[PDB]
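Numbering (the entry's author numbering), first residue to last: 1 to 64.
Pasting the structure below:
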């Protein structure tokens with residue numbers, strides 16, 4: 001559905017190093033695929049492709 005940096009119910013991204021890890025994380029959440037983005041405004045975090053709406057993605061503001 002939507003592409004973006006997968007996050008938890010508290011507007012927080014997932015830290016990573018290898019693409020394999022994020023792909024698993026993204027796919028487990030029903031995404032098409034995932035990769036680890038090393039240079040993001042939040043650090044090294046997981047990016048997902050075609051992630052459904054039931055699953056949140058980083059939005060504007062703080063992570064609490």
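Beta carbons: idealized from backbone N, C-alpha and C, even for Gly.
Go ahead and label residue i buried or exposed: buried means 16 or more other beta carbons lie within 10 angstroms of its beta carbon, across all protein chains shown.
i: residue 46; result: buried
i: residue 59; result: exposed
Bridge partners for residue i per DSSP, in chain order?
i: residue 47; result: 35
Closest by CA to residue i, which one among the options?
i: residue 9; options: 43, 21 and 55; result: 55
i: residue 64; options: 7, 21 and 12; result: 12
What's the C-alpha gap between residue i and residue j?
i: residue 31; j: residue 16; result: 17 Å
i: residue 61; j: residue 44; result: 18 Å
i: residue 21; j: residue 41; result: 20 Å
i: residue 57; j: residue 38; result: 17 Å
i: residue 19; j: residue 6; result: 14 Å
i: residue 3; j: residue 33; result: 10 Å
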